[PDB]
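Please treat every number below as a calculation from the coordinates, not as lab data. Cβ coordinates were reconstructed from backbone atoms using ideal geometry, including for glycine residues, and neighbour counts include every protein chain displayed.
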Amino acid sequence: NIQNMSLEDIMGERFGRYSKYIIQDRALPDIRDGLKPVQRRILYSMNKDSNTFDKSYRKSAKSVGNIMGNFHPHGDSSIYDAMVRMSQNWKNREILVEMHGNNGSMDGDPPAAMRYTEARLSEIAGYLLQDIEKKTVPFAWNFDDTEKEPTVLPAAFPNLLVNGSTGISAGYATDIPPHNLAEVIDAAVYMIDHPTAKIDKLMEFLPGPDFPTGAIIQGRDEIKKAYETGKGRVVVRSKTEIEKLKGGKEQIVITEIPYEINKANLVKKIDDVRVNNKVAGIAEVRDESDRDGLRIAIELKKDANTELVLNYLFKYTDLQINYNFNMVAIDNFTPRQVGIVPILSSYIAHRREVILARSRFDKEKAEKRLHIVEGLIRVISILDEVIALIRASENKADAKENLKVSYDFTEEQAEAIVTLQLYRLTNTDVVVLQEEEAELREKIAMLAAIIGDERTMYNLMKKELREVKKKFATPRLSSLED
Amino acid sequence: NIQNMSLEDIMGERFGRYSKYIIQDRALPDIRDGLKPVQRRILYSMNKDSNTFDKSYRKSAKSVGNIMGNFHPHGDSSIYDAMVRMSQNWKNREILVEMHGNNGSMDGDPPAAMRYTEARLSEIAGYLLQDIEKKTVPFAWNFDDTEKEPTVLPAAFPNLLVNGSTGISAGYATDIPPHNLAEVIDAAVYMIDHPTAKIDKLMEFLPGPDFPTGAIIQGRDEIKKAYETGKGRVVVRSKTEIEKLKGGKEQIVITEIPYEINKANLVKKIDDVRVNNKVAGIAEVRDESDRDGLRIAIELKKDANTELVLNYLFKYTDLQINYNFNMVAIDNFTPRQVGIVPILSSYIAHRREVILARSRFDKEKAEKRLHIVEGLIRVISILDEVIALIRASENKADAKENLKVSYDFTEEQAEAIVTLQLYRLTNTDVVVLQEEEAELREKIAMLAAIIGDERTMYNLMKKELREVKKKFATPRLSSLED
Amino acid sequence: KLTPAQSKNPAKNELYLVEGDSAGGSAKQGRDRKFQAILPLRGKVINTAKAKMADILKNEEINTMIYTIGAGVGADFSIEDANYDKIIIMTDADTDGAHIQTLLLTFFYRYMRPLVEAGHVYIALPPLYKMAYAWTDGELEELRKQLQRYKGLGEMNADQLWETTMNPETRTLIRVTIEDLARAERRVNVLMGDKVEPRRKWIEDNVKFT
Amino acid sequence: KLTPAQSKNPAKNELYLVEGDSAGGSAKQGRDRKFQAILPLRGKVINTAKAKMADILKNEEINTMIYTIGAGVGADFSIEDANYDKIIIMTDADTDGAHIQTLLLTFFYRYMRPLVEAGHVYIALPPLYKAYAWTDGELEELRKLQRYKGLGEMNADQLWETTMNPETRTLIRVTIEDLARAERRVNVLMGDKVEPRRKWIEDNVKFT
DNA sequence: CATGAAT
DNA sequence: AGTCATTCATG
DNA sequence: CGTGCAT
DNA sequence: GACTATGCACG
Ligand SMILES: Cc1c(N2CC[C@@H]([C@H](C)N)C2)c(F)cc2c(=O)n(N)c(=O)n(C3CC3)c12
Ligand SMILES: Cc1c(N2CC[C@@H]([C@H](C)N)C2)c(F)cc2c(=O)n(N)c(=O)n(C3CC3)c12
Ligand SMILES: [Mg+2]
Ligand SMILES: [Mg+2]
Ligand SMILES: [Mg+2]
Ligand SMILES: [Mg+2]
């Protein structure tokens, strides 16, 4: 039958569960890979399924279904919508999912349903997953308890800053804007050498946000405040041009708009200025954006104060808006309002753990092989005696004991020898083995040095970050003014 | 940049392309396994993916996704609605998909969407796929040209009649009702022994349809007509009882309704009768159906003529309906209107095909091995000289060659011998290998006989057919009259 | 929207407020139609302790739960006129299940306290595990002696729904009972109120992130 | 529901009839907005030979076509008061795509014949293969490959390049060569009576 | 008017 | 997560 | 107002 | 396949 419970006590218990959950496992990104859980499952799953940049696309529905069936136990709209954003290059500075077909526009029109589209991981997504298969990252059981999944990705580049996040939980929310990949890495590499670096210096590398939508960012002072506190209010203003027209008439032309603004609504909200004659001079508003270039033409009347019009629009529409940094993320399981330094340090910290784990893994693998190779080298000088010894044994286990006892092979060596296929007795070439052995010792050394010496490890961390920068680097898009 | 086609010409190619596909590859079932393409894919896919009756249910969306990405190039709603129908035991006499959650009701209310439900194949579904891995049935490429898929399933039971089909293409449509499994099999067994059997005789075994919803089927003449020509109007009528209520009142109590009739719509339609007093004497219409019984109660006024009412309802509602047979199916790629005899005949022809295929496969395997086992038996007799020759060999290729040349091994025996792991040399027990040589021969004999003796084969077919029946048979649900 | 019971009986009749249209259908199928009604809640429910009373009376669910309990809302609330004896909240045992229970409770408290006060507002506990069924990790270890981990009502058949959670003679219920009217006000307002700071703090003070 | 051209010009302007809201979007995004309008056909177009003219009128897809072309329907139809120089039907190169072409055409024949007879009705041919190929033949030339399953797997950049760009696109112009044989063919394949159809299919479709 | 795979 | 329209044959 | 994962 | 309404935090 029934159990009694207090309203005071129940509201506490329930909202506590929701609060906690929606905080650490839904809305806020992890401070290391910069992903929300659903974003991480998307990538991890598409990757496990070999749905990568170098292979053919793949019905979006197939992907969504596997995500839902193996890892993320929620609606498919949530999963597919997440996956679509990751493909929209006007939201991500560096898109993580490539998608064939109608995946929305800047006009905000609905993307084709997963029934219609195909997808695969972008090449750069590759790097967020690099070394996932080498025990570099803490895993966990999925809801089924049928499959382990990663709790954070290796992150070969610092994705939190490059692609940003956003961002509404319970008690906390988040807004972190996109950043230039090359800049972010430069900042990171500096701080690697200079742990105690201060914001003023980092800003010689990380000047500020780089929106994939371009435009002009204004507020060097508020940018520092944000990079320091996690909060700040900068200004974003549309890139414009003036074209002289026939009849002595001038025409305003917008070619970049502020991050997260609907080109289509803008244009309506602007022609509403014309229509309500809110400022004098507007002949016609015209979207002329096409598949290769955004372009809003504002045509003016015969004698119209074009600097008057242009100003009025900035002030009273979204041709100019204020972006608000609010950089919250999950650090050690808790939500932390954080600025550029907590972030980069956390990234570095993380990359340190991966590279250490990665190296421990690869070394162990290499020792094991070396051990075998050492055994094979002996076996060759005693090929026949060994064969005779196996012939003379009764079964597999008896064979290995005779191998151990008569020639001091180790269990692992004995097993290797005893499980060689007959044809091997034809490739009896010790030089090539000695070559492998050498190669191996050399490798084990390089790896041992990383594990044994912080500065050697940090040089790798740096070597690698540069490789990524060299490969994925692109020009700034947003210009900066103070 | 511009080509001219006539109306008569375009209208022709288009409707032809479409008509054909809709007939062969959409609406009509294959006469052998009684499945439409979508359904076959649902089954094959889920089965390939180990999503079976003895294993835990998978999220419906995962299944649907894999079907879409792998085999079926159409909407996910089509695929899921198909899946959900195979799971509803008031549509299928023997259900092929087990589904957890809201998969609908007899009140025709909407099933939970594929994000909510989970599924596996039913145990009997297993038997439609039995031996699919033994090259028993024609395969073809999927759209992707990445995967082969079956064009028809093995069908260890005659699904077309057990489960029926409907049924709307271009130029043709279909209505085949469900039949009792034990009965269909009795008829098939008979026809195996008596190829030229006549309908009148067959109907001794297969008297008429057996609806999963039960009810009364009236019209032995028209049933016979349909089994002869594939067409026939029959009458289906609700199972009713008359309870005596207090006050000299009566209650009509409905407990089974006609196939394909929505319970909730019925109850409304009956009430519209009471409300309009189209006929006199209805007191209350009351659905009393619960999770484990169908029951509609029609309470009558004291002094109402209960036969008069019951007849009115049978006539002017769906409390009684006419079921029309219209048995079209796909035989040799073409649509074909067909009765009980070409159906059973085609099923049998098919099972023959399968059993031969299956038997060739198994025997092909036993041969390949029996052949290796001879080789090994000989090697043991000359172990020393063989190890010597491999030792002399320059590499695998040469070793196999030297083996063939010097001792007359076949390539296959060569490959077996040369890929033995060293620890095999410990074994010189030929006797065990001989027990295997024997079991293999014996096995091959029995197989070959099946291939080469029509009677021996058909007996197999019957044996298996009866096993199926013993295992899955259930009692009739629908009663027959004329 | 609503699925009424068959026979009107303010003494037995139950109102089942169920999370989502689909589980609502599963419930419509497994109910005991004589005294059990079903009112699906189609998505997250409006926060009545955050929104204008205008936008609250325009809300599809709120409107249709005031006008089928038939006691009116607010000051004009007469417990004596109510049409069911028990109001039962049935959500998944997931976190957004938790969230919805929250949202609904704050509605009853704010605009129908007499109901909550009278001991007429319950919460159904669906089973967490099937090996038979178990509700407590402890109950699980006992069954393990002689596993599907339910992720929601969505994966239960009506047969199962009934047997474990709707059958009065089988189900565990939670009876929401206001122990101290003062603490309960502060609790509801911190967690559900328009003011963020308090709540952020409450979370910091109470939720163990580990 | 309609996405119109920017400027009115009944000598350049084009109405694209696209199968599905989704490919509707890709066309809206890839087009040249100055002279290309987009009307998404959302579902299977009503059969205008089988249905009552009552229903034909109350049909969304059908109204907005009459309204957008702005030339009146049936008897009161003036090619003169038109709105586009070309009317372009663009569907997936799949069977249901063909079916859709079939239904639109029977509408244009039965209720705007002038338009069809004046060669204003065309049919966009999307590529079948990915460079791009339309012919199992070109595919061979090219091999010295993604098999497209519909318009919905195409980026708006690609749509334009291959099938919306007047310069790069391959079109079909629908002509009425023998008014007599055309009415015969349309009424057979699309009419109320099934048996003539079945017969047609038996005689004309090669099941093999 | 429904039926059930399709858009 | 329901709602909405259409095709195709059929009686 | 609108954002993005959730229902 | 579009549409419709919520929560949560924040200018
Ligand atoms: C469009 C459309 C509809 N409607 C309703 C309005 C109607 C207009 C009149 N064509 C279109 C409609 F009512 C239902 C569906 C639908 O169920 N499934 N599964 C779909 O995929 N679609 C999309 C067409 C493919 C639907
Ligand atoms: C129910 C519901 C809605 N509505 C419309 C009315 C509204 C009222 C408040 N119940 C419910 C609604 F407007 C939108 C959705 C929705 O987008 N997606 N993706 C969904 O899954 N659902 C289902 C709830 C989960 C929706
Ligand atoms: Mg502004
Ligand atoms: Mg009748
Ligand atoms: Mg849930
Ligand atoms: Mg298509």
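Label reach from B:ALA448 (point 7 Å along Cα→C-beta): in the stretch B:350-369, amide nitrogens under 18 Å belong to B:356-369. Cβ-Cβ distance of D:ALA180 and D:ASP85, R₀ of 30 Å, FRET efficiency by 1/(1 + (r/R0)^6): the value works out to about 0.60. Bridge orientation summary for the protein assembly as shown: considering DSSP beta bridges with both residues in this region, about 70 percent are antiparallel.
Backbone amide hydrogens, once placed in the peptide plane, bring A:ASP290 within less than 5 Å of A:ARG295, excluding anything fewer than 5 places away on its chain. Neighbours of B:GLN421, meaning other residues whose beta-carbon lies under 15 angstrom from its beta-carbon, give a summed charge of +3 when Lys and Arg score +1 and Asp and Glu score -1. Measuring against 18 Å, Cα to Cα, the residue pairs A:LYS268/A:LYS315; B:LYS278/B:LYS315; B:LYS20/B:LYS91; B:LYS368/B:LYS443 contain B:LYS20/B:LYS91 as the ones spanning a longer distance. Calculated [222 nm] ellipticity per residue, helices only, for the protein assembly as shown: -14000 deg cm²/dmol; basis is -39500 (n - 2.57) per DSSP H run with n ≥ 4, divided by all residues, nearest 500. A straight Cα-to-Cα reach below 14 Å connects B:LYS469 with the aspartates and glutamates B:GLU94, B:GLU123, B:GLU183, B:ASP186, residues fewer than 8 places away in its own chain not being considered. Measuring r between the beta carbons of C:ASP194 and A:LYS368 and using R0 = 41 Å, the FRET efficiency lands at 0.10. Over all Cα atoms in the stretch D:64-149, the spread is summed up by Rg and Dmax: 16.8, 55 Å.
The H on the amide N of D:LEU41, modeled in the peptide plane, is under 5 Å from the matching H of D:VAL18, D:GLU19, D:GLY20, each at least 5 residues off or on a different chain. 3J(HN,Hα) along the stretch A:438-454, derived from phi through the Karplus expression 6.51 cos²θ - 1.76 cosθ + 1.60 where θ = phi - 60°, amounts to 4, 2, 5, 4, 3, 5, 4, 4, 3, 5, 4, 4, 5, 6, x, 9, 2 Hz, with x in place of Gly and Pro.
The same position B:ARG352 in the other copies lies at 7.8 nm from this copy, comparing label points 7 Å beyond Cα toward the beta-carbon, shortest first. Derived scalar couplings between HN and Hα for the stretch B:73-88 equal x, 9, x, 6, 5, 3, 4, 6, 5, 5, 4, 6, 6, 5, 10, 9 Hz in order, rounded to whole Hz, by the Karplus curve 6.51 cos²θ - 1.76 cosθ + 1.60 (θ = phi - 60°), x for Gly and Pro. Measuring between alpha carbons in the structure, the pairs from B:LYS263/C:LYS12; A:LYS148/A:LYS231; A:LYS263/D:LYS12; A:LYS134/B:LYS134; A:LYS269/D:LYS28 lying more than 29 angstrom apart are A:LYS148/A:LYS231; A:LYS134/B:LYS134. Distance from the Cα centroid of the stretch B:230-298 to that of the stretch C:39-104 is 36 Å (rounded to whole angstrom). Cα centroids of the stretch A:314-370 and the stretch A:2-33: 25 Å apart. Working from label points 7 Å from Cα in the Cα-to-Cβ sense, the B:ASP303 to A:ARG441 distance is 11.7 nm. Among A:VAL405, B:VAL279, a tally of other beta-carbon atoms within 10 Å of each Cβ gives an order, fewest to most, of A:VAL405, B:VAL279. Basic side chains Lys and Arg get +1 at the Cβ, acidic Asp and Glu get -1 at the Cβ, and with that the dipole of chain D about its Cα centre reaches some 280 debye. What is the distance in Å between the Cα centres of the stretch B:128-152 and the stretch D:164-208? Their Cα centres are 35 Å away from one another. For the stretch B:403-418, 3J(HN,Hα) computed residue by residue from phi via the Karplus equation (6.51, -1.76, 1.60; θ = phi - 60°) reads 5, 5, 5, 8, 9, 6, 6, 8, 3, 4, 5, 3, 5, 4, 4, 6 Hz, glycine and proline entered as x. Annotation: Cα Rg of the stretch B:56-130 relative to the compact-globule expectation 2.2 N^0.38 Å equals 1.05. With neighbours defined as other Cβ atoms within 10 Å of a residue's Cβ, the residues A:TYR57, B:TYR80 order from fewest to most as A:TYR57, B:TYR80. For a paramagnetic label modelled on B:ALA283 (point 7 Å from Cα along Cα→Cβ), amide N atoms under 11 Å away belong, within the stretch B:295-318, to B:298-304. So which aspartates and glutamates pass the test for A:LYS301, namely a Cα distance under 18 Å, with those fewer than 8 places away in the same chain ruled out? Of all the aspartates and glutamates, those that pass the test against A:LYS301 - Cα under 18 Å, at least 8 places apart if same chain - are A:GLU241, A:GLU243, A:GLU250, A:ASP271, A:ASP272, A:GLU284, A:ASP287. Neighbour counts of C-beta atoms inside 10 Å place A:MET203, D:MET112 in the sequence A:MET203, D:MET112, starting with the fewest. Where chain A is carried onto chain B by rotation, the Cβ closest to that axis, with its residue and distance in Å, is A:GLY65, 2.
Segment B:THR166..B:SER406, full-extension length gain: 79.8 nm, with 0.36 nm per residue of separation and the alpha-carbon distance subtracted. Across all directions, the average flat footprint of the convex hull enclosing the Cα atoms of the protein assembly as shown is 66.2 nm². Panel note: the C-alpha atoms of the stretch B:170-244, placed on their principal axes, show extents of 53, 34, 21 Å (largest first). A label point on B:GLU367, set 7 Å along the Cα-to-Cβ line, lies at 5.3 nm from each of its counterparts in the other copies, closest listed first.
Comment: the Cα-to-Cβ extended label point of A:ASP453, at 7 Å, lies 8.1 nm from its counterparts in the other copies, nearest first. Using just the C-alpha positions of chain D as equal point scatterers, what log10 of I(q)/I(0) does the Debye formula give at each q in 0.08, 0.13, 0.14, 0.18 1/Å? The Debye formula, applied to the Cα set alone, gives -0.29, -0.78, -0.90, -1.37. Assuming charge only on the beta carbon of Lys and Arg (+1) and of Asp and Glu (-1), the dipole of the stretch B:1-132 about its Cα centre is about 200 debye to the nearest 20.
Using the alpha carbons alone, the radius of gyration of chain B stands to its Kirkwood radius in an Rg to Rh ratio of 1.12.
Charged side chains reduced to their Cβ positions (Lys and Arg at +1, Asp and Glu at -1) give the stretch B:145-292 a dipole of some 740 debye around its Cα centre. Convex hull of alpha carbon positions in the stretch C:126-210: directionally averaged projected area 9.1 nm².
Model label sites at A:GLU241 and B:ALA473, defined 7 Å from Cα along the beta-carbon direction, differ in position by 8.5 nm.
With R₀ set to 56 Å, the beta-carbon distance separating A:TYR57 from B:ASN276 gives a calculated FRET efficiency near 0.40. Under a 5 Å amide H cut-off, with hydrogens placed 1.01 Å from N, B:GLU118 pairs with B:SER60, B:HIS100 among residues at least 5 apart or on other chains.
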